[PDB]
Each structure stands twice: as structure tokens, then as C-alpha cells.
Amino acid sequence: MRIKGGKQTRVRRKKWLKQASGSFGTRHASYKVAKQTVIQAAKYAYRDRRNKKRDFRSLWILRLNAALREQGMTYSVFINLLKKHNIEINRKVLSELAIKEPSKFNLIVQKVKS
Amino acid sequence: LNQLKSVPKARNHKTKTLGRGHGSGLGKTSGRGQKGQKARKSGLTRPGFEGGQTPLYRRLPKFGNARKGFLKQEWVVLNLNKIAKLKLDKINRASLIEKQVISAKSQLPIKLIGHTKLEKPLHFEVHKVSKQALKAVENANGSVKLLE
Amino acid sequence: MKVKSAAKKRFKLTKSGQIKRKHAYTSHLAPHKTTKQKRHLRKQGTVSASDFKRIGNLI
Amino acid sequence: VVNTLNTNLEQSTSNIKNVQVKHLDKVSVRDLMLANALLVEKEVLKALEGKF
RNA sequence: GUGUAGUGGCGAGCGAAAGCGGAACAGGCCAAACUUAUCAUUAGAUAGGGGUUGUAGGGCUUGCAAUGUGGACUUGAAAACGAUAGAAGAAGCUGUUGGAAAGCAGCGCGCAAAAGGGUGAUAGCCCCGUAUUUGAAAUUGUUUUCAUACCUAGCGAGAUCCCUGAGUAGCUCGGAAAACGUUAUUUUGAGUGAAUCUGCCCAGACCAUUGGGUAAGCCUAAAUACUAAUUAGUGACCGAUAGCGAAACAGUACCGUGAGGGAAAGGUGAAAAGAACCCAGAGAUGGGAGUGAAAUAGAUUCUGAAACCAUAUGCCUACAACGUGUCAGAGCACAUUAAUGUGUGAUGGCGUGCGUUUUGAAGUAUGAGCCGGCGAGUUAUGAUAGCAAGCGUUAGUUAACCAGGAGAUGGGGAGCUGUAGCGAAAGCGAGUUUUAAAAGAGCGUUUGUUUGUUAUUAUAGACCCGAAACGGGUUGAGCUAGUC
RNA sequence: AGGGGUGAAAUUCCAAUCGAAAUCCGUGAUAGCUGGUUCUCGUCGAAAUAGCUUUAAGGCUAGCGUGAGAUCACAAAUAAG
RNA sequence: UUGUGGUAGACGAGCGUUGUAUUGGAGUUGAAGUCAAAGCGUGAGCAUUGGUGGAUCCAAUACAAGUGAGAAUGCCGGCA
RNA sequence: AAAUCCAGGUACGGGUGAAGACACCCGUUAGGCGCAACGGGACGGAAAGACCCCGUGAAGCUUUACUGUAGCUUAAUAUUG
């Protein structure tokens, strides 16, 4: 039984090409290049799925410090007044967007002083 | 069975392939080398060769051929530890052929061998017997009529 | 396959493996070796487990 | 499956994809279970017992 | 038998002969003595009878009894079975989607014929057919019967009667087929060169004994190998980059002065029904109309995707250091295989390809222009090891071969491993070799068999592709070198 | 007429090719030397050392991974003496 | 509870294509291929739907493989 | 019309890196796209480096290297008295 084997190649190439959509140049038409592009794209996605959970935390800290420098005290001092005294495991993104609800974060700000 | 539910139990094992897939588990150079000599076509040089060092089958001395150009005289052996299981008496060439012990047409002397005890009396007709085998046969009221 | 006759004259089979062989150093220059040496090497011998595979399929 | 090899039976059954006539020695293990329905001769029982 | 005996710089390797079991099976014919006739009867030559040799035979002198067994075989008469042309040869309508029914639904019909092909879709009953029964003017083949021509036959007795294959065989000098690399065996290029049944040769140097056979003459059917041809059939063989290089006016077109090397491409539509005629244009052609179910089936003619190149909706870009993607992200225009939805991505963070070879890759080493198709672990015979299966305490097991549907299987036990091993061997034996040793040491102290399958390995090119090469056979002096 | 021809000799020429033509066959010559060796997934997981080698870019044996089985404690490692 | 980086490499478990053996099914009310679509798995992959098309395919179990393409300064065919 | 071509929207200084960067790090400069020139770089294009070295490679040539051998020469022998 001589085997022709045509469907597999077409379906594999179409599936690989469909993944890389909205790509510059011919990189969305050539399967041989499309596979490399999607390889690199998924590697970047893998590294960014941790890079973003780190960068969001960085912006988290930055926007907390932005609000806390206005009260005349240090961000590290605020974390301290959370941890050792008036034990609080309060969420950082919580207290961040409690800037959006006005003055409600100020309750936590004034509560750390026993 | 039916012709729609034939089933095995433990056959149909894995089929290794030396030229399918970069990461199938077996690579492009599966089995043979990583550009070494064995990896190349017609590798795995003759089994007796040992790299250039003198072969083992030559470093050793040569055995003897005391009887030059002859075959050892073959015999048909009747061990006394197994004849007792075979249910037949007066064991003689006129009666071996019936029990399919020996080939129907074959000319060959019969050798009698054994030390294990025997209970039922037997009457051997052979060409030669071991001394203690003969003693054991005659201990149990047996008789051996030693032929020529 | 054909078994190399050059080796069938230098090995002897025994029950349950244990290929038998003769030691070398027996046909030359006796005085260079002690009489005790020839006394040891007169006996037979067997190969180790190292070269068993290269001898098995070859014989 | 027939032991006598009757001509009257074998004259018919030759234009149907479902029926065919064979001797006892001729049928194999495969065909014997491909039938889904068996019609055996009364004679073949003794020979089958003899051959086990 | 057997990878046995053996042969090998005892290396790669090489590999019998008996015997056994099968296929088929059958032995005959000349010279020689003896004799007849003829040859300038000197013939040594020509032509007739006689015998075909080992349980030695034949010729000679002399008896008995055949009238037949038979085919490597001459012709005549017939017969059967084929072969080369043909014939007969069963069975249906109705509705349905439908361009068309044969498919689909309801009730029927025949098969010694339900192989196959065609018919506006997959038809047993529409057509050719097919199983079976038949048919040969003429030619031809095989076999059968009878008659006929040539060749052929058993058992005795005597007898130191005669004959029984000449440059023959051995021997020497060099080789060669033999499994042997030269050793009896065989064969011969150079020489040497006997006997006559009281013989000669043979049984791996040779002699003797023993046993076996009659060379130096000739002939032979079947059983074995192959298929370019004809007939019929088959295919877990291929389907236009496949299949023989040749599905088409292929060894053609072409490349060569010649040996030779050697291409590519098939498919409208059921039926040409191949587009009357009109408009534009000179025309090709296109748009129409018309046939057609379909003209997006239109002569470029089945299906029509990729690199490619154009046009278009929505969005974005002209302060931008850019492997161009990824994670968040406003705005914009739409609404889906309803899915925390889709396209686009102004902006921020991060961000030096894919393979191969490598101490080491983004490389200033390499491999790819893209796209589509092809493009390498198999097969035969054996070994090893796992797994699984059947059989099992005298186990197990078939090969070739015969039987059939080109089937498993039936018969076919020839052999194979296991049952005892040890020893170089003679031989011995649960022991055996070493030895004075029964002391010790090595080995042994019954522990399967046949397959399926898997992995490795052995000989075959044995994963794929890649050389300068070697040898043998052909074609070239029209270019050129020389000569005439 | 090609392990040959010719050669006022240069390794010139012998059909643009000549340290020995073109072509066909043995021929699928061999190649320890390049490059390639196409389906995925689950578990474990090195070496670039020693010896030998007409061997040094190779191969063989040992160690190093892995599959099956045994030893489970008298065997192996960790801390202490 | 102990773990799950990974080439050379051992080893286990699976998919896909072609054909065949049966058992069921779809098909001029429209198969395959192919175009595109905002589906479902751990993967080779497997669905659904509309247009193109007018004759073959699909499901479950087995068996046999000219069998799964990214490269070989590839080769054919077309095209920047 | 061609060689080439991994996909490209392709900057510079200092440094870094398989050791001389269009992309890497830090700074600097720069509207998108043509056209005519001019060749510095992209270790540029074209030759699987001719050189060296390796291969248990090829070919040719050489001699008091090996084994042979055509031819030449001597001897026994048949042709042979």
C-alpha cells in the first residue's frame, strides 16, 4: 500500500498559520516562518506570565507610595505599622483601589496609630 | 470470538523507529551514535574485531584434534533414573522400536547408565553396562544378559 | 550465520555456560618464567563475565 | 458442513452470498465462526469426536 | 545431514561427501577373438552374421526348451479429448425526490446463470452477457485400440583352447576441478612408458590381507531452469512527480558526427446539444440572446487551495532606534460556533530567529528565496534476550513432498533441541581429567519444547545521498599533431 | 587508437575537456570523512576518564544512565566517638 | 507522603493515513477535497456550520505497512 | 535579463559578547519616500580553499624499496641421425 499522505500536511500547516494572526510582513503566510514566530511568541508569553505578575506588584508599590508620601510618612513605615503593631494582612491592591473610593483608605491610615 | 472483538493479552509491543520525529522519544540518530563510527552506514564492525588490538580468538592457544578427521562414536543412552518411569519390561531392541524410544531404523550400540535404586525386576539386553550400574541392577533381583 | 572456525578450535562448551579455554605462555622461553609459573598455567581456565557477549554469539 | 458431499445440495446455493457448501476437512476455524448459523450433518458428529 | 569433517598470512572467510527422507525411474548399442564374400586377394580395406561383459563375461565343440516379454521404436486404419470461428441461454412494474432513477419506498418474479461491463445517480429481472447445454467445412495437438517393419529371451556339458577398449595407466617436471591454498581422486602441457582372470583398478602416503568394481568405446526419455509469444484469470500491486524511461502517433522531441544520453504533458458536458443571431471592435474576443439541470461545464475545457499580484469595507502610521512579537492599555467601527466576545493597537514593561556542528551561538562559521508534491530503518535467511501462547513426564516437533480455492489444514517423524556429563582422545560414567592418590582443584549432581511478537546483532548495497578511482568492451584523425 | 596514437618535446594535442579521452558495463565500487534522517506524550538520566590499539577526528573492555530480577541489613551513606 | 529542568539515551503509554476482514450507518434531501468561521482535548489531533462539487465515504474492533517533512549548496513544477 | 536571498520597518559613539555588532548594554543623533552619484561595511556576490594538516584516500613518476613480469640470455630435453 503506497501512501500519499496529503491531509496531514495541509491541516498541520493551516493550524500553525492560524495561530499567528495579525503578523507583520509575510510572517502570517509562510508556515515555515509562522512556526518560528509562534514559537518565539509563546516563549515571550511564558516569560511575561511572570514578568507581569512582578511588574503589576511594582506598580502596586509605586502607587501606594504615591498616596502615602502625601501624609508625611514613609511607605516602609506603613508596612511596618501593618505588620508588627496592629497586625494587618490587608491586601495591597485592595488599599490601592481604596484610593478610588475617596477617603476610605484614610481610615486604615489613621487606624494604624493605636 | 467474533470478527469484531478479537483481543490479545500482552503481545503487540512497542515498535521503535530510527527515522521518525525530532522529539518522538527516538531522535534523528536513534540507536546508532552521535556522529561516531557506529552511527554511520554499515557500522558495528565484525564481532571478533577489538579495535586493532590482537583478537581474543588469536591470543589464546589452539585446542587438540587427537582423532584427526573422525566423528565420536555415538551411543544411545538408557539412564536408570528414567527407565523406571517408562512402563515396559524385557527392554530389548525388538521392543524399543514399539515404544518410540529410539528411531525405527537405526543401527547403534546401547549404553546402560545409572546409580539410582530400582524396585521392579528388569531384564536389560545391551552391549555395555557400568560396573556399579550392573551391581545395582543385580541387587533388585534383576538380570542383565550382556550381549556382544 | 557461519561460526568462525578459527575460534571453534580454541573454545569448548560446558553445561550452563562457563566457556573453557587454555592459558597462553606455554610454548616459548621456559627459563624466563619460574617452574611455579608453568605449574599454574598448565591448568585450564574460563573467561570472565566481561568478554562473554563477544564470545557467545560468535560461537 | 457435510460429510457425504451430496450433489443435490451443491447444485444449488451457488448464486447466494450467504450460503456455501463445504466438506468437514475443508472448513477452517475462521469460516466455522463466520457463519452466525450452523447446519451440521448427523454423520459428522462421530468424525468430529474421533478427531476431537 | 551441517555451518559437521575439514581447509585457510589456521585471518577475513570457505564448505563438502556418505547416509537418510522425497521428485521421477528403464537401460541399451559397437571393436575383439570365430566366420563368410570381395578387394593388382600380399589389403592392413569394404560389406554381412556374434557378443556386450564381473552373480566375470564372450567366442569355440556339442544339447534341451522358446515362438514369446517389449519399448529411447517405421508406418496404415480407426476412436476419444482438446485448440483455432459461433448458437441457445430466467426473471417488473408502481409512486417518489428529481435535468434524467437503476438509487428510495409497496407488492412481486428466477437462478446449474447474485462473475463483469454499459445504459442522463449505486439496475439480479433495461442491454450485452455470464453457469450449463451445444457447434467444426478445413487445419492441428495429445492420448487410446488393431494390424504392420527393425531390434530383442531361458537352462546344460567340455576346456591350463582363444578374446575382453595402446601413447592407454602409472612415474617425473609445472599446473588446474576438487570444501583442500596440490594429497590419494580427476584432468594434462614436456618426457618416460605394462599386464591379460594366476589380470587390472579401488577403499586420502604405502605394503600385505580382506572385500568391491571391470576404465582407457558409443547412445539415452521423464524428474530440473527459464517466459520475449498466444489464451483465460488473479492481485490487502500503482494511479499522471505514481506505474516499465513510453496512459497522448516514446526511445519520439531534443543533446551530440558517433558509442550513447535521453524529455514533458490524460479528464467539458448525459448527448456538441461546440453557441443561430445582435451590440462594440478590423479581428482575435467580450457582453448578450439560445441549447443545456448547470455556461463559475465555453473549448484555457473534473475537483481549483500556495508562494504571487491586484481592488475594496473598518482601523492605524509620517519624532521613529524596530528579530517587529508578547503582557497591560485608551480610542475607533462592528456583533459571534454567547463566548469574562471580534477586528484594529495610539501608549508603557519586556524582548539578539530556526536547524546542524560544537568547550561553546544572533553570529563577522555554517544550511535553506518562498511555495506544493516526492524524498531513509524495511525485507530474506539464522542467533541471542524479554513477553505471550499451545503441548508436558519418555516430552515437544515437522522440513522437503503429496492432496485443494494458488487456503488453514490432512498425511509425510527425514531430522532438531531436551533427557549425562567429563575428558585433547582412547574411554569412563553421577562421575569425570590431573595425578601414585579414591587427597585437592575445574566441570557435573535432570531441569523443557514448538511458535507469535518485540529489541539487538550476523550475510546480503542492509539508514539516504556524495568522490578523486580501477578493470573490461566500444566510438572517434571532419578539431588538432604527424605522414602519404 | 587510448595502461595507446602523434609529439622541431610545452605534460602539446588526440573533437572546447588529457599526469592520460568520451561512452557503457562490473556499479547501488568503497569511504573510520560531510550533510539529512519527517507523529506526539509520560518517567529516569551521563561522559568528554583508565588500559590497549599502523591508534590519536576511530574502535574494543572497564566506570558512568537505563529496563527486568535478587540482596532489606551482616550491604551502602549520613551526623558522632 | 515523596517528587515531575533536560539533550546523547533506555523505556512505557497513544494519535493519524492507506488497504483488507467482518459486524452497523450516511449519501442527487448532496460524500470527499478545498475556502473561511469568534469550537473541543495534555498532544499527534478531533468536531460543527455556509459557499464551491456531483460520486463515494463514516463509525467500533483487528491485521499489513512504498506511512506522518524545515533544512540534505536538494530534484521536479510554478511564482516573487 | 543574474548571481544572491532565515524572516526584516535595516543609524552612530563608548563598552560588552565565539575575542572587530544594523539589533545586546548605556548614551547620542535622526520627518515618510524618491532620484543622480560614490564605493567603506554588511568578515559583500560568485569557487563544499587550490595552501597546510587529517584520511590507514586517489593518480602520476622514480631507484641498488618489496614481490613479480614482458623481453633478452644460458643449460637439460623432444624435434635427432
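Residues numbered from 1 in each chain as written, not as in the entry; some residues may be left out. Chains lettered and ligands numbered in written order. Part of a larger assembly, values for the part shown. Heavy atoms only, no water.

Per the deposited record, determination of this structure is attributed to cryo-EM, with the resolution reported as 4.7 Å.

The cut-off we apply is this: UniProt positions are given in the numbering used here, feature names are shortened, and annotations may be inferred rather than shown by experiment.
The PDB entry annotates chain C as 50S ribosomal protein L35 of Mycoplasmoides pneumoniae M129. The title line of the PDB record says "70S ribosome with A- and P-site tRNAs in Mycoplasma pneumoniae cells". What UniProt records for chain C under Sequence similarities is the sentence "Belongs to the bacterial ribosomal protein bL35 family."

Under the PDB entry, the name given to chain B is 50S ribosomal protein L15, and the source organism is Mycoplasmoides pneumoniae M129. Quoted verbatim from the Sequence similarities heading of the UniProt record, the comment on chain B is "Belongs to the universal ribosomal protein uL15 family."

Describing the protein's contact with RNA strand G
Threshold: When at least one non-hydrogen atom of a residue lies within 4 Å of a molecule or strand, that residue is treated as near it. Whenever a nitrogen or oxygen atom comes within 3.5 Å of another N or O atom, the pair is scored as a polar contact, on the condition that within protein one atom can donate a hydrogen and the other can accept it, and that pairs from neighbouring residues in sequence are kept only if both atoms are in side chains. Helix numbers and strand numbers start at the N terminus; a helix is a DSSP run of H or I with at least 4 residues, a strand a run of E with at least 2. When residues are sorted by character, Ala, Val, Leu, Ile, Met, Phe, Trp, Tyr, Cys and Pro go into the nonpolar class, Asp, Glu, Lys and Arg into the charged class, and all the rest, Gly among them, into the polar class.
Looking at RNA strand G, there are 32 residues lining it, with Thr9, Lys15 and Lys18 of chain A together with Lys14 and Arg20 of chain B nearest. Each atom of RNA strand G within 4 Å of the protein belongs either to a base or to sugar and phosphate, the latter forming 68%. A distance of 2.5 Å separates a phosphate oxygen of RNA strand G from a polar atom in the side chain of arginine 20 of chain B. Between a phosphate oxygen of RNA strand G and a main-chain N or O atom of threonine 29 of chain B, the distance comes to 2.7 Å. It is helix α1 (residues 7–19) of chain A that contributes the most residues to the surface near RNA strand G, 8 residues altogether. Here the surface near RNA strand G is composed, by residue class, of 5 nonpolar, 12 polar and 15 charged.

Section: a nonpolar patch on the surface
Put simply, the rule reads: The residues that make up patches have over 30% relative accessible area and no salt bridge, and they are joined within 9 Å when like-charged or within 5 Å when they are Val, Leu, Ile, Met, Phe, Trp or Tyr. Computed with a 1.4 Å probe, the accessible areas rest on the Shrake-Rupley method; for each residue, only the protein chains presented here act as cover. Only one rule defines a salt bridge in this text: a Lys or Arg side-chain nitrogen within 4 Å of an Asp or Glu carboxyl oxygen. Burial classes follow relative accessibility: with a 1.4 Å probe on protein chains only, a residue under 20% of its type's maximum area counts as buried, one over 50% as exposed, and anything between as partly exposed.
On the surface, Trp75, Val77 and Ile113 of chain B cluster together to form a nonpolar patch covering roughly 250 Å² of accessible area. Taking relative accessible area as the criterion, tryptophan 75 of chain B reaches 38% and is therefore assigned partly exposed.

A look at the interface of chain B and chain C
Using the following cut-off: Residues are treated as being in contact if the distance between any of their heavy atoms lies within 4.5 Å. Accessible area that two parts lose when put together, evaluated with a 1.4 Å probe and summed over both, is termed the buried area.
With 11 residues of chain B in contact, the opposing surface of chain C contributes 16 residues. Counting each side, the surface lost to burial between chain B and chain C is near 1,400 Å², with a carbon and sulfur contribution of 70%. A per-residue breakdown of the area chain B buries against chain C is headed by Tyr57, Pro61 and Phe63 of chain B, which together make up 46% of the total. For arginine 54 of chain C, the salt bridge goes to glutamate 50 of chain B, with nearest N and O atoms at 2.7 Å. In terms of residue class, the side of chain B that touches chain C is built from 6 nonpolar, 1 polar and 4 charged.

Topic: the protein's contact with RNA strand E
Around RNA strand E, 90 residues are found, and the nearest of them are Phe24 of chain A, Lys2, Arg10 and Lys20 of chain C together with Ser14 of chain D. With respect to RNA strand E, the backbone of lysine 82 of chain B contributes an N or O atom lying 3.4 Å from a base oxygen. Between a base oxygen of RNA strand E and a side-chain N or O atom of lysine 22 of chain D, the distance comes to 3.1 Å. Elements represented by at least two residues in the surface near RNA strand E include exactly α1 and α2 (31–68) of chain A, α1 (56–59), α2 (80–83), β2 (110–113) and α4 (131–139) of chain B together with α1 (5–8) of chain C. With 12 residues, α2 of chain A is the largest single contributor of residues to the surface near RNA strand E. Tallied by class, the residues present in the surface near RNA strand E amount to 25 nonpolar, 28 polar and 37 charged.

Focus on a positive patch on the surface
Residue and element names in this part refer to chain A. Put simply, the rule reads: A residue counts as positive if it is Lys or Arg and as negative if it is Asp or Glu; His and the chain ends are not included. Where a charge lies is defined by one atom per residue type: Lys uses NZ, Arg uses CZ, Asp uses CG and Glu uses CD.
A contiguous patch of positive charge, built from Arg10, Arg12, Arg13, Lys14, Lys15, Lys18 and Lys35, is present on the exposed surface. By residue number, the principal contributor to the positive patch is α1, which donates 6 residues. Of the residues examined, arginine 13 reaches a relative accessible area of 42% and is grouped as partly exposed.

Regarding the environment of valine 3 of chain C
All names here are of chain C. Within the element layout of this structure, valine 3 appears in the segment before α1. The class for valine 3 is partly exposed, based on a relative accessible area of 41%. Sequence spacing of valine 3 and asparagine 57 is 54 residues, and the spatial spacing of their C-alpha atoms is 8.8 Å. Leaving out residues up to four positions away in the same chain, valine 3 has contacts with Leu58 and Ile59.

Some points on the nonpolar core
The following threshold applies: Each nonpolar core is a collection of buried residues, namely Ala, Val, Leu, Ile, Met, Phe, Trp, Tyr and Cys, held together in the definition by side-chain atoms within 4.5 Å.
If you look at the biggest cluster of nonpolar residues, it comprises 17 residues, and the most contacted ones within it are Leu78, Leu80, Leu112, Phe124, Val129 and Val144 of chain B. Looking at this core, the elements with two or more residues in it are β1 (76–79), α2, β2 and α4 of chain B. Other than its neighbours up to four places away in sequence, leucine 112 of chain B contacts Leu78, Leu80, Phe124, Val126, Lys128, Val129, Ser130 and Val144 of chain B. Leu56 and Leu60 of chain B together with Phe11 and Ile55 of chain C belong to the second largest nonpolar core, which has 9 residues in total.

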